[PDB]
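Undergrad: Just dropping this structure here.
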Amino acid sequence: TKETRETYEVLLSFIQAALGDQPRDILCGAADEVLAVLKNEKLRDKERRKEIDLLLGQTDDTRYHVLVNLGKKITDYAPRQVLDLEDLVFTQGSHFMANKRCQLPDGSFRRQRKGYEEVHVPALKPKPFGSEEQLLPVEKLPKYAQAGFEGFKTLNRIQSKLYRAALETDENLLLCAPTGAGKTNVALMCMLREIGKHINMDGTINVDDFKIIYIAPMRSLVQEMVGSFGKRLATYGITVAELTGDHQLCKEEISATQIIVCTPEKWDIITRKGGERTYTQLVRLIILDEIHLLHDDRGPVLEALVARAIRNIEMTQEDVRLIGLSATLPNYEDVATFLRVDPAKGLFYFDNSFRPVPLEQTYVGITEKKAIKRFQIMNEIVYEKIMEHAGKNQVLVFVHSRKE
Amino acid sequence: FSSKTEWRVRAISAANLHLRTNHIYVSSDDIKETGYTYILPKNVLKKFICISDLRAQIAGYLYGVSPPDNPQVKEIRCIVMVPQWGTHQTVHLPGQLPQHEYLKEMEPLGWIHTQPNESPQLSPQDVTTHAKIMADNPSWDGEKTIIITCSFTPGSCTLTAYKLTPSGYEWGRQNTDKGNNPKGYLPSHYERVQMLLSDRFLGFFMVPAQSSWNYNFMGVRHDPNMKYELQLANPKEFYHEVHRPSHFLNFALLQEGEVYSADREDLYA
Amino acid sequence: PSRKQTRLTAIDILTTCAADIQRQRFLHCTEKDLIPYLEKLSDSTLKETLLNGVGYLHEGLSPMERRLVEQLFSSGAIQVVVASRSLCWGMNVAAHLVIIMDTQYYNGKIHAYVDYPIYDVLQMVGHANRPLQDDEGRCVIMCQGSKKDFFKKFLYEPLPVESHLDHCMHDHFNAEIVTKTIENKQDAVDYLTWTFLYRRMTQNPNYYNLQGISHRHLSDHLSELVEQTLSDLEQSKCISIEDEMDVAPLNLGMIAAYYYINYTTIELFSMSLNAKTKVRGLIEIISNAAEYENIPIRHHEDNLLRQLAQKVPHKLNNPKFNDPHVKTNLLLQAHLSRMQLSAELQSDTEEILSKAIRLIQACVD
Amino acid sequence: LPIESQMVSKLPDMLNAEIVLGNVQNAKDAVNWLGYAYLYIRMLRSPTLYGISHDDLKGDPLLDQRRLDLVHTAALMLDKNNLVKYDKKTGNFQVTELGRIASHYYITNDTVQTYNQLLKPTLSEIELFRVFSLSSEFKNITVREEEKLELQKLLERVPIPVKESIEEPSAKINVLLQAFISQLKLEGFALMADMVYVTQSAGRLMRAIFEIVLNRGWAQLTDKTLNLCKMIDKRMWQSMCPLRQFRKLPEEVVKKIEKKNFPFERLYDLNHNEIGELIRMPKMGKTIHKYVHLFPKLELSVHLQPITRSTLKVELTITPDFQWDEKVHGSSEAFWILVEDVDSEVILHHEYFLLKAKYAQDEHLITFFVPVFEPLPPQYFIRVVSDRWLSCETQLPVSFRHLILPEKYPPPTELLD
Amino acid sequence: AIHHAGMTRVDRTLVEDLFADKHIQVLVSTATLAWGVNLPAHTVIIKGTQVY
């Protein structure tokens, strides 16, 4: 009843204040359980209070009385055809787990404990260096590009793998390489080629011939990218910036800006208004960074960008380089077709063995019937992880909420 | 009292005042024929109804001229809004009459005010107000200036026009007590007068120079002896943000609340 | 709107035609037939654009070249063509559809865009007429949001026309006084009554800032008018006003009237040229001229002007590079140093030079 | 993991914006466009997943038919909401201003039709907020039991009455927007995240409202909506001192000048000393002054002459009255000039005027014509307002009290037959 | 040690300095830490696998 419901809401608020942000199933369950204990008559004196403290965390001598009061104030315990895009478009996009089955590695195993399954996989084994092979120093690659690589004596294995197609071809690129492989410095070269395409004897990198567009999936990423891209490409004398501009105040500002970085969305609105149509035809290069965002709900935007770019090039007959960067995932040849990358000379694939620091991943899950119980189990799991971080290693926990 | 609830109820109410605007009635009753007859342009009437509120009386001051070669009709060409505040039964507006250049071309015809409940008489508060203006102002002629009462009828607006009789003027000059039934009040004090709405010409507004007109939400900032200038511009609505600073000035907040949810996601523009 | 915009527009049209999946739709003869015409060409891109039957015309084009293009079009050799706005007046070849876009043109002097004069627009529109054959003629005017309603109103209705004499006034009173057509203030008012201004003033008095439609209103207005025109003319020592009634021409005014110039120009001259002035000064004084102020700047050419100054014999004192007087100073020095230029500003140089000598001689006088 | 396209969900919105850019005229160009999508190659190489049986795939190998059907469905969706006028016969699309506004603000086509049906000239702020709250972009936002305790408190601490609505999503979204503008911190985390969503989307939403309602010409509501836009952008109500938009200023000083009521435009009369004397904080006297003269101010003159009995010509002369600093005003400053009719009811004309960096202190001359009507009115008004700047406006009554209209023109001599 | 956007501006950099020099083996931060300025960890472990 309402006389009761109005108190239930207050109880929920009180439980929320203790726990903080949590899944709805778990918080509600805990509240129902705290209330259950209060209502039940098998516990007397400190005992019930102690049990509540163990469950809801430390409680002020003043807060417990209020909780008890709430409990006491509780009365009871051909022509086209129309189709539905709802059942068609996939719900919870990018979390779908579409593949029917997953193949476990030999190293990986399963050990289930009470309330939680724990999975362990060891570190990967680096592919042996090829016979008569070696990493390219910053010497043996073309004269001009070498500038701005200072502090760095040698190229990474993968960087060294594809540098040739990077600087010698306008063929579109796709690389799939694990986190840590240092992917940026590959794309950097793809830029140093274009920066080199316009050069003079008595002046270097004359900058009004090219405007480059770097599309990155996240906002901070844009900041830091303009930050390092500036330093790197500065040898050519090129100035870049983030496109946060409101359309009209900063257009004439970004008029003088080259190699601008932005989120796909920004590029799409700004093209819909036409802020782009003053820029374009001065654009020989667009970078799609983390193009696997195609799988996200945000995916259609990237799809809208690239589609427009291609469909447009067919009218103008003036072409543009397109450089895709993706995490290592199948459907690579499909994204290739999409970017009009010639699979022959333009396609690049590398599997999970190329992550610079090999990754041994263990997965732990809770099969608890009740969310309330599951929340308690999660805390216990963290403690086990902490013990391993007992030695000289760095541990780090990414929680669902900042407050949490 | 505080009427915190009252401020909101009436506020979402008044957002429909413009509906009234297109249903209005006008008192037709016996024409003296020796009297003047006043024409009110419909546009100012609409706007004046639209700025008002259904409890507090608001008032406006009438300015007009008689058309050429037709001295017995007074066209009302202008309404002036001055710093003021109302009650449900009356309106307190300052001693100074409008002074301004656009006004020099015309004569004052009296005033007009909103009247929450319809009464078939000129409220004692009114005859008293009018007489007391007239006492202090020779500029206002007894026979030429009127009080137009605009009452809110259901889903509608309905209006009448009064003149003080000399009996009335004397009573009102004299009268102290502002209660709803003062001593010596009589129906002999006022007289109905002939008024017509018109779509033939447009009236215009005059409005306070450095502020707006509506002081209801600051009563302590209003004084009988307060001075004001004017400008050519339209009145803001009763509940308009400007008339209520105290309410938009309710913020007690520590900035660091923003620390929470420091995930900033934007990726636009 | 632009001299250069004509080239670009043709290329854009060609690209659109290519997209339509059918190319060279605007060429009604084979490529073998156009060869005799293309042999006469300098411009390389024009050769291409003319390949599909498309055409263009601008300040660059010679009269023969123009006559040829017109011939090819009317005879049906070429399907469509683009043209600079300046050529709306002097163009002898008509059409079926005529579309005007970017009517507002760029002015360097105030650094802003300004609308096409309405009569121009009407002329461009009248350029779609083919009475011999067509039963209709068509026009599409692409313009800004602001400027939409104005055209919707004034292209269809007949046009009003008002007098400007009230503003440009002095020169004629001066010249007329010189002929002794105006011997005294009265003759001046009388002269005024022969004009179109006289006609219009009482018709739409608020336009001429005349406050009433009455008799003494108009009379007082014309009076105040000759009063101040003769005063301003006497202040400038172009005339002498005797007894307050009569007038006579003086030395200055006599000169002015004789050589027929912008009167303000030679007044400026009068307060500028002094005993010690020499070619340095004569350059800038002759530059500030009424004729000089008539120079046209395209696309806010300010940086180019600064670059030109950077290498000219005489530098300037904090010059603004959107100002045509500065531009004519620099173009003039450029001519004196026999320096090569882009034909764009070279045409301009030639036009300046056309009227230069007269001004110079006036300074001599 | 396969990389698949979520394109189908957004297909109606994507199609619009392409018609808006003029890149698709008709159905055919639409199928040609969609033939460039990732969803196209995925529908080609895995039809089984995308809703195509293999037999009808064999029946149409190129997917010409299925793609055309999808395009037709998208067109129908766009039309029913009046983004596009497209008849099935020709297969051609026509753009509407509503469509353009929709594309330009990346607002969905359900929201935009909600605005089309809801928005009327006579809307109060009270109602403007509700219409905002009805945006289809917010469709999934709901009100949780636990938070309905705080929402009530917030509901009584808001300046604009929501009370039209009780606790339902509309109210939550409304009170949230107000909370954000009123700068209020929220206890619940759910509400915080929610509020963030609402306010971030609110810029584009309110703006598309302004654009629409301005294109219609309804003066009062375009004021209320641009002002709302500014209030969202700056996170304050107008009732607060404009000096706040300069973040360079101390909070206690601002609050101090708000304490005494001394109308802002009255700060220009005062010198550096006279300023500090108001709040009795003379040490601040110089710095305040800087800001007061940094605040964008235009003064404007007008020269008006009648052209025909129907139309007058207006020459507006804008003279910058403020000191430019590119670390404040930046490269450009934006202003709407709009001439409003007698009652400030209808907008007779409006232009977007933009004063660049170089040209501060240079008076700009704008020339435009306005109509006049049969009951010749006492005056028009010429309003000029900064786009982004809040509480920054200058109004110029243009009085016709002395206007003498030209004699009406006789009919042209008839063409005889 | 825990680092989050919520706390501060400069003390984030002052915490990052503390972690690089091995001040704190275990730290808790929001995803914005992974997307922002780049520092790795010997072993990482997201908790609960859920987001709002």
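By order of appearance in the structure tokens: chains A, B, ..., then residues from 1 within every chain, and ligands from 1 in the order shown.
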So which residues touch residue 51 of chain D within 12 Å, counting only C-alpha atoms, skipping near sequence neighbours fewer than 5 positions away, as a ChimeraX atom specification?
TA: /A:83-85,87-90 /D:8,39,42-44,46,56-57,66,70
Undergrad: Extract, using only C-alpha atoms, all DNA, RNA and protein residues at most 12 Å from segment 13-24 of chain A, discarding same-chain residues fewer than 6 positions from it, and format them as an mmCIF file with N, CA, C and O atoms, in the first residue's frame.
TA:
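Now in around-v4.cif:
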data_model
loop_
_atom_site.group_PDB
_atom_site.id
_atom_site.type_symbol
_atom_site.label_atom_id
_atom_site.label_comp_id
_atom_site.auth_asym_id
_atom_site.auth_seq_id
_atom_site.Cartn_x
_atom_site.Cartn_y
_atom_site.Cartn_z
ATOM 1 N N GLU A 6 5.255 4.764 0.474
ATOM 2 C CA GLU A 6 5.905 6.035 0.786
ATOM 3 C C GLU A 6 7.054 5.871 1.775
ATOM 4 O O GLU A 6 7.959 6.710 1.816
ATOM 5 N N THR A 7 7.007 4.809 2.570
ATOM 6 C CA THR A 7 8.062 4.545 3.533
ATOM 7 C C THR A 7 9.134 3.719 2.841
ATOM 8 O O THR A 7 10.321 3.841 3.138
ATOM 9 N N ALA A 30 19.252 -5.890 -1.421
ATOM 10 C CA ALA A 30 19.836 -5.629 -0.119
ATOM 11 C C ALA A 30 18.826 -4.947 0.785
ATOM 12 O O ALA A 30 18.687 -5.300 1.960
ATOM 13 N N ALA A 31 18.100 -3.981 0.232
ATOM 14 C CA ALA A 31 17.125 -3.271 1.039
ATOM 15 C C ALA A 31 16.058 -4.234 1.528
ATOM 16 O O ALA A 31 15.671 -4.208 2.699
ATOM 17 N N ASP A 32 15.607 -5.107 0.637
ATOM 18 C CA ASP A 32 14.572 -6.053 1.004
ATOM 19 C C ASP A 32 15.068 -6.967 2.108
ATOM 20 O O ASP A 32 14.356 -7.225 3.077
ATOM 21 N N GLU A 33 16.357 -7.310 2.031
ATOM 22 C CA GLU A 33 17.041 -8.160 3.016
ATOM 23 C C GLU A 33 17.334 -7.460 4.356
ATOM 24 O O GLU A 33 17.250 -8.075 5.422
ATOM 25 N N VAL A 34 17.714 -6.183 4.313
ATOM 26 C CA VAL A 34 17.960 -5.428 5.549
ATOM 27 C C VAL A 34 16.641 -5.316 6.312
ATOM 28 O O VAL A 34 16.553 -5.563 7.530
ATOM 29 N N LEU A 35 15.591 -5.014 5.545
ATOM 30 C CA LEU A 35 14.226 -4.919 6.031
ATOM 31 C C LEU A 35 13.783 -6.284 6.541
ATOM 32 O O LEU A 35 13.108 -6.376 7.555
ATOM 33 N N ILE A 52 23.524 -5.970 10.533
ATOM 34 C CA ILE A 52 23.263 -4.877 9.608
ATOM 35 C C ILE A 52 24.565 -4.160 9.264
ATOM 36 O O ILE A 52 24.810 -3.821 8.104
ATOM 37 N N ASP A 53 25.414 -3.956 10.270
ATOM 38 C CA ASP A 53 26.688 -3.289 10.052
ATOM 39 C C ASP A 53 27.539 -4.115 9.098
ATOM 40 O O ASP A 53 28.116 -3.587 8.150
ATOM 41 N N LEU A 55 26.512 -6.157 6.851
ATOM 42 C CA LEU A 55 25.881 -6.101 5.534
ATOM 43 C C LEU A 55 25.860 -4.722 4.862
ATOM 44 O O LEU A 55 26.253 -4.589 3.706
ATOM 45 N N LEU A 56 25.405 -3.702 5.581
ATOM 46 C CA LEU A 56 25.301 -2.357 5.012
ATOM 47 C C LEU A 56 26.498 -1.431 5.251
ATOM 48 O O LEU A 56 26.463 -0.263 4.871
ATOM 49 N N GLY A 57 27.551 -1.946 5.876
ATOM 50 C CA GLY A 57 28.731 -1.143 6.152
ATOM 51 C C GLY A 57 28.599 -0.466 7.503
ATOM 52 O O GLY A 57 27.573 -0.599 8.168
ATOM 53 N N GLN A 58 29.616 0.287 7.908
ATOM 54 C CA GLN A 58 29.568 0.934 9.213
ATOM 55 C C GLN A 58 28.408 1.916 9.302
ATOM 56 O O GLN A 58 28.153 2.683 8.373
ATOM 57 N N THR A 59 27.710 1.881 10.432
ATOM 58 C CA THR A 59 26.566 2.752 10.657
ATOM 59 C C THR A 59 26.707 3.578 11.930
ATOM 60 O O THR A 59 27.062 3.056 12.987
ATOM 61 N N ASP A 60 26.429 4.872 11.818
ATOM 62 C CA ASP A 60 26.497 5.775 12.956
ATOM 63 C C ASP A 60 25.411 5.404 13.958
ATOM 64 O O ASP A 60 24.321 4.987 13.569
ATOM 65 N N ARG A 63 22.288 6.900 12.875
ATOM 66 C CA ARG A 63 21.567 6.396 11.683
ATOM 67 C C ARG A 63 20.714 5.122 11.875
ATOM 68 O O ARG A 63 19.640 4.944 11.252
ATOM 69 N N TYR A 64 21.192 4.245 12.749
ATOM 70 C CA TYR A 64 20.517 2.984 13.026
ATOM 71 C C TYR A 64 19.126 3.210 13.604
ATOM 72 O O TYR A 64 18.182 2.497 13.267
ATOM 73 N N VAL A 66 17.157 5.731 13.047
ATOM 74 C CA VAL A 66 16.296 6.163 11.952
ATOM 75 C C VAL A 66 15.862 4.960 11.117
ATOM 76 O O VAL A 66 14.681 4.835 10.737
ATOM 77 N N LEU A 67 16.801 4.049 10.862
ATOM 78 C CA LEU A 67 16.452 2.858 10.082
ATOM 79 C C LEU A 67 15.387 2.021 10.811
ATOM 80 O O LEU A 67 14.397 1.539 10.210
ATOM 81 N N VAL A 68 15.569 1.890 12.123
ATOM 82 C CA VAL A 68 14.640 1.135 12.950
ATOM 83 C C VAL A 68 13.264 1.786 12.924
ATOM 84 O O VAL A 68 12.247 1.101 12.848
ATOM 85 N N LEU A 70 12.001 3.586 10.518
ATOM 86 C CA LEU A 70 11.352 3.320 9.229
ATOM 87 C C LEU A 70 10.734 1.917 9.219
ATOM 88 O O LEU A 70 9.567 1.702 8.776
ATOM 89 N N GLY A 71 11.493 0.960 9.758
ATOM 90 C CA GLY A 71 10.987 -0.400 9.800
ATOM 91 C C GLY A 71 9.716 -0.480 10.630
ATOM 92 O O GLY A 71 8.734 -1.098 10.216
ATOM 93 N N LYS A 370 20.954 -14.156 -6.352
ATOM 94 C CA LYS A 370 20.518 -12.826 -5.938
ATOM 95 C C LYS A 370 21.579 -11.754 -6.162
ATOM 96 O O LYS A 370 22.757 -11.960 -5.880
ATOM 97 N N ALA A 371 21.149 -10.610 -6.687
ATOM 98 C CA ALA A 371 22.056 -9.499 -6.953
ATOM 99 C C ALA A 371 22.692 -8.984 -5.664
ATOM 100 O O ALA A 371 23.877 -8.651 -5.642
ATOM 101 N N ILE A 372 21.910 -8.934 -4.590
ATOM 102 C CA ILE A 372 22.415 -8.474 -3.302
ATOM 103 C C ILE A 372 23.624 -9.310 -2.894
ATOM 104 O O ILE A 372 24.660 -8.775 -2.499
ATOM 105 N N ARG A 374 25.448 -11.127 -4.874
ATOM 106 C CA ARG A 374 26.475 -10.941 -5.892
ATOM 107 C C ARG A 374 27.364 -9.739 -5.589
ATOM 108 O O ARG A 374 28.575 -9.789 -5.803
ATOM 109 N N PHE A 375 26.767 -8.662 -5.090
ATOM 110 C CA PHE A 375 27.531 -7.460 -4.772
ATOM 111 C C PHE A 375 28.571 -7.756 -3.695
ATOM 112 O O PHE A 375 29.708 -7.294 -3.777
ATOM 113 N N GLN A 376 28.175 -8.527 -2.687
ATOM 114 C CA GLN A 376 29.082 -8.907 -1.610
ATOM 115 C C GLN A 376 30.224 -9.761 -2.155
ATOM 116 O O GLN A 376 31.379 -9.606 -1.757
ATOM 117 N N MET A 378 31.468 -9.719 -5.158
ATOM 118 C CA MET A 378 32.368 -8.906 -5.966
ATOM 119 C C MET A 378 33.467 -8.283 -5.113
ATOM 120 O O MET A 378 34.623 -8.223 -5.528
ATOM 121 N N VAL A 399 36.179 1.114 -11.834
ATOM 122 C CA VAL A 399 34.807 0.904 -11.389
ATOM 123 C C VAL A 399 33.785 1.517 -12.341
ATOM 124 O O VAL A 399 34.114 2.369 -13.165
ATOM 125 N N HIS A 400 32.540 1.072 -12.210
ATOM 126 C CA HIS A 400 31.443 1.555 -13.041
ATOM 127 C C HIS A 400 31.166 3.043 -12.841
ATOM 128 O O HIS A 400 30.882 3.763 -13.797
ATOM 129 N N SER A 401 31.250 3.507 -11.598
ATOM 130 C CA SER A 401 30.993 4.912 -11.296
ATOM 131 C C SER A 401 32.181 5.593 -10.621
ATOM 132 O O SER A 401 32.915 4.967 -9.858
ATOM 133 N N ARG A 402 32.363 6.878 -10.909
ATOM 134 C CA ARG A 402 33.459 7.644 -10.328
ATOM 135 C C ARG A 402 33.319 7.722 -8.813
ATOM 136 O O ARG A 402 34.300 7.597 -8.081
ATOM 137 N N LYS A 403 32.091 7.931 -8.349
ATOM 138 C CA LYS A 403 31.809 8.007 -6.920
ATOM 139 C C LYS A 403 32.112 6.672 -6.246
ATOM 140 O O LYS A 403 32.655 6.627 -5.142
ATOM 141 N N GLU A 404 31.758 5.589 -6.929
ATOM 142 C CA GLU A 404 31.977 4.236 -6.432
ATOM 143 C C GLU A 404 33.463 3.944 -6.255
ATOM 144 O O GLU A 404 33.865 3.294 -5.293
ATOM 145 N N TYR B 260 31.528 15.442 -8.926
ATOM 146 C CA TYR B 260 30.793 14.212 -9.147
ATOM 147 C C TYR B 260 30.330 14.173 -10.597
ATOM 148 O O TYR B 260 29.947 15.206 -11.151
ATOM 149 N N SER B 261 30.358 12.982 -11.195
ATOM 150 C CA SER B 261 30.120 12.812 -12.629
ATOM 151 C C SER B 261 31.111 13.626 -13.446
ATOM 152 O O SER B 261 30.723 14.411 -14.312
ATOM 153 N N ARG D 144 12.433 7.515 -11.391
ATOM 154 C CA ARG D 144 12.581 6.433 -10.417
ATOM 155 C C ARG D 144 11.973 6.797 -9.072
ATOM 156 O O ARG D 144 12.031 7.956 -8.666
ATOM 157 N N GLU D 145 11.408 5.807 -8.379
ATOM 158 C CA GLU D 145 10.784 6.053 -7.080
ATOM 159 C C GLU D 145 11.704 6.778 -6.102
ATOM 160 O O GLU D 145 11.309 7.776 -5.488
ATOM 161 N N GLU D 146 12.935 6.290 -5.976
ATOM 162 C CA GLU D 146 13.870 6.800 -4.972
ATOM 163 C C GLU D 146 14.202 8.271 -5.174
ATOM 164 O O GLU D 146 14.422 9.005 -4.218
ATOM 165 N N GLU D 147 14.226 8.699 -6.423
ATOM 166 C CA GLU D 147 14.616 10.064 -6.700
ATOM 167 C C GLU D 147 13.438 11.039 -6.645
ATOM 168 O O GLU D 147 13.638 12.261 -6.622
ATOM 169 N N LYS D 148 12.218 10.508 -6.590
ATOM 170 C CA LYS D 148 11.028 11.371 -6.591
ATOM 171 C C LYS D 148 10.927 12.170 -5.289
ATOM 172 O O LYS D 148 10.150 13.119 -5.185
ATOM 173 N N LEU D 149 11.737 11.786 -4.307
ATOM 174 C CA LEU D 149 11.874 12.545 -3.072
ATOM 175 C C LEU D 149 12.635 13.854 -3.317
ATOM 176 O O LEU D 149 12.241 14.907 -2.815
ATOM 177 N N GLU D 150 13.726 13.787 -4.078
ATOM 178 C CA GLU D 150 14.536 14.977 -4.337
ATOM 179 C C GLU D 150 13.917 15.860 -5.417
ATOM 180 O O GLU D 150 13.908 17.090 -5.297
ATOM 181 N N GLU D 187 21.851 15.109 -5.347
ATOM 182 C CA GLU D 187 22.310 14.024 -4.482
ATOM 183 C C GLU D 187 22.389 12.665 -5.183
ATOM 184 O O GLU D 187 23.416 11.979 -5.104
ATOM 185 N N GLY D 188 21.312 12.275 -5.860
ATOM 186 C CA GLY D 188 21.291 11.021 -6.590
ATOM 187 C C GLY D 188 22.241 11.028 -7.777
ATOM 188 O O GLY D 188 22.402 12.053 -8.449
ATOM 189 N N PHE D 189 22.867 9.880 -8.039
ATOM 190 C CA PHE D 189 23.798 9.760 -9.157
ATOM 191 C C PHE D 189 23.046 9.619 -10.484
ATOM 192 O O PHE D 189 23.408 10.250 -11.496
ATOM 193 N N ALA D 190 21.994 8.805 -10.458
ATOM 194 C CA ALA D 190 21.107 8.612 -11.604
ATOM 195 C C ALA D 190 20.667 9.946 -12.185
ATOM 196 O O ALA D 190 20.766 10.173 -13.395
ATOM 197 N N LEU D 191 20.177 10.827 -11.311
ATOM 198 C CA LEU D 191 19.724 12.148 -11.726
ATOM 199 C C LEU D 191 20.868 12.945 -12.288
ATOM 200 O O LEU D 191 20.672 13.689 -13.234
ATOM 201 N N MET D 192 22.049 12.830 -11.700
ATOM 202 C CA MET D 192 23.162 13.617 -12.208
ATOM 203 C C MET D 192 23.437 13.243 -13.663
ATOM 204 O O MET D 192 23.327 14.101 -14.554
ATOM 205 N N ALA D 193 23.716 11.962 -13.911
ATOM 206 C CA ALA D 193 23.946 11.495 -15.279
ATOM 207 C C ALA D 193 22.806 11.893 -16.227
ATOM 208 O O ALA D 193 23.031 12.371 -17.353
ATOM 209 N N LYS E 47 36.018 -3.727 -12.383
ATOM 210 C CA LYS E 47 35.147 -4.395 -11.421
ATOM 211 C C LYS E 47 33.649 -4.330 -11.719
ATOM 212 O O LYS E 47 33.059 -3.256 -11.822
ATOM 213 N N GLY E 48 33.057 -5.513 -11.858
ATOM 214 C CA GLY E 48 31.634 -5.690 -12.088
ATOM 215 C C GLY E 48 31.170 -5.670 -13.532
ATOM 216 O O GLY E 48 30.028 -6.032 -13.820
ATOM 217 N N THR E 49 32.042 -5.233 -14.437
ATOM 218 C CA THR E 49 31.733 -5.197 -15.869
ATOM 219 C C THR E 49 30.421 -4.476 -16.207
ATOM 220 O O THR E 49 29.664 -4.946 -17.056
ATOM 221 N N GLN E 50 30.147 -3.350 -15.556
ATOM 222 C CA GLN E 50 28.904 -2.627 -15.815
ATOM 223 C C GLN E 50 29.069 -1.113 -15.903
ATOM 224 O O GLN E 50 29.932 -0.530 -15.249
ATOM 225 N N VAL E 51 28.227 -0.488 -16.719
ATOM 226 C CA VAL E 51 28.248 0.957 -16.898
ATOM 227 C C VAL E 51 26.826 1.503 -16.983
ATOM 228 O O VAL E 51 25.905 0.794 -17.390
ATOM 229 N N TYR E 52 26.649 2.762 -16.597
ATOM 230 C CA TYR E 52 25.336 3.394 -16.647
ATOM 231 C C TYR E 52 25.175 4.149 -17.960
ATOM 232 O O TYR E 52 26.035 4.945 -18.334
#
Undergrad: Pull out every residue of chain B that has at least one atom within 12 Å of chain A, counting only C-alpha atoms, and report them as a ChimeraX atom specification.
TA: /B:257-269
Undergrad: Write out as a list in words which residues come within 7 Å of residue 53 of chain B when counting only C-alpha atoms, dropping same-chain ones fewer than 3 positions away.
TA: residues 14, 56 and 238 of chain B
Undergrad: Report, in Å to a single decimal, how far apart atom CA of residue 146 of chain C and atom CA of residue 324 of chain C are.
TA: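 A separation of 28.3 Å between them.
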Undergrad: Atom CA of residue 314 of chain A and atom CA of residue 20 of chain C, how far apart in Å?
TA: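 Taking atom CA of residue 20 of chain C and atom CA of residue 314 of chain A, their separation equals 11.4 Å.
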Undergrad: Select all residues from chain E having any atom no more than 6 Å from an atom of chain A (counting only C-alpha atoms, ignoring ligands), output as a ChimeraX atom specification.
TA: /E:25-30,36,41-47,50-51
Undergrad: Quick check, in Å to one decimal: how far apart do atom CA of residue 16 of chain D and atom CA of residue 60 of chain D lie?
TA: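 Straight-line distance from atom CA of residue 16 of chain D to atom CA of residue 60 of chain D works out to 26.2 Å.
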Undergrad: So that I can see what lies close to residue 196 of chain C, please list as a list in words the residues with an atom at most 9 Å from it, counting only C-alpha atoms and leaving out residues fewer than 6 positions away in the same chain.
TA: residues 162, 163 and 165 of chain C
Undergrad: Deliver the residues from the most recent selection as a file, using N, CA, C and O atoms, as a short mmCIF file (atom, residue, chain, number, x, y, z; two decimals), in the first residue's frame.
TA:
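That gives us part26.cif:
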data_model
loop_
_atom_site.label_atom_id
_atom_site.label_comp_id
_atom_site.auth_asym_id
_atom_site.auth_seq_id
_atom_site.Cartn_x
_atom_site.Cartn_y
_atom_site.Cartn_z
N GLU C 162 13.30 57.96 -58.60
CA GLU C 162 13.43 59.22 -57.90
C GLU C 162 14.66 59.98 -58.36
O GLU C 162 15.58 59.41 -58.90
N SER C 163 14.67 61.29 -58.15
CA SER C 163 15.79 62.11 -58.59
C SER C 163 16.92 62.13 -57.58
O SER C 163 16.70 62.12 -56.37
N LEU C 165 19.49 64.54 -58.16
CA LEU C 165 20.13 65.83 -58.38
C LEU C 165 20.38 66.57 -57.09
O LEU C 165 21.39 67.25 -56.95
#
Undergrad: Run DSSP on the backbone and tell me which residues of segment 241-283 of chain D come out as alpha helix (DSSP H); list them as an MDAnalysis selection string.
TA: chainID D and resid 251:259 272:276
